[PDB]
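Visitor: I would like the atomic coordinates for the input below:
(chains A and B)
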Amino acid sequence: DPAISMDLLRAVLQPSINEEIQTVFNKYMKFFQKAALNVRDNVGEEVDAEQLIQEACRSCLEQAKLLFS
Amino acid sequence: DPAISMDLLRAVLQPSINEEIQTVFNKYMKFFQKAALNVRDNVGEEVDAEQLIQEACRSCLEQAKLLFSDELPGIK
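Guide: Residues are numbered from 1 along each chain as shown, chains lettered A, B, ... in the order given. Coordinates below:
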């Protein structure tokens, strides 16, 4: 299955690609942190700021898939 | 819902983040291109090499979501 061989290469490259993606996101993290703290500061204790930050980061990656449509 | 402020920020940052992601993937693209051509050469004409490359790139982004989930493949 052609998708499987591609996937084996993908797995090989993932650790390097992850490291560079982390370095990219580190530059933006402060913006997400501030915005998520803002939400918590306005709404209250029942807002999990860390979870808002993580969801927003995962969404960015989801939307970045449109680079490869 | 006030937490939609996260989405809006995200939409604002996306173009910049997308440019840097592209720059990252350009360094690895030659591996994916060679592998996809190898598959097409060894299976036949009905393999779309471009589509194999794209699907592998999207999978990379999917797996990169583990960086931001509650160990992780990395270079450190």
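Visitor: Can you tell me the element the residue nearest the centre of chain A falls in?
Guide: The residue lying closest to the centre of chain A (CA atoms, centre = their mean) is residue A:57, at 3.0 Å. Taking DSSP states H and E as the definition, residue A:57 sits inside helix A:49-64.
Visitor: Show me what that helix packs onto, helices and strands only.
Guide: Helices and strands touching helix A:49-64, as assessed by 3 or more CB pairs under 8 Å, 6 or more residues apart in numbering or on different chains; DSSP states H and E, comprise helix A:2-26, helix A:29-43, helix B:4-26, helix B:49-64. Just so you know, the C-beta spots here come from the backbone N, C-alpha and C atoms, and that holds for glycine as well.
Visitor: what comes up buried for the first one?
Guide: It refers to helix A:2-26. A:2, A:5-6, A:9-10, A:13-14, A:17-22, A:24-25 (16 or more other CB atoms under 10 Å in any protein chain shown).
Visitor: Show the overlap between these and what lies near chain B.
Guide: A:2, A:5-6, A:9-10, A:13-14, A:17-22, A:24-25 (CB under 8 Å from any CB of the partner chain).
Visitor: Could you count how many residues lie near the closest residue in space to residue A:47 that isn't next to it in sequence?
Guide: Closest residue to residue A:47 apart from its sequence neighbours, by CB to CB, 6 or more residues apart in numbering or on different chains: residue A:40 at 4.2 Å. The tally of other residues near residue A:40 (other CB atoms under 10 Å in any protein chain shown) stands at 18.
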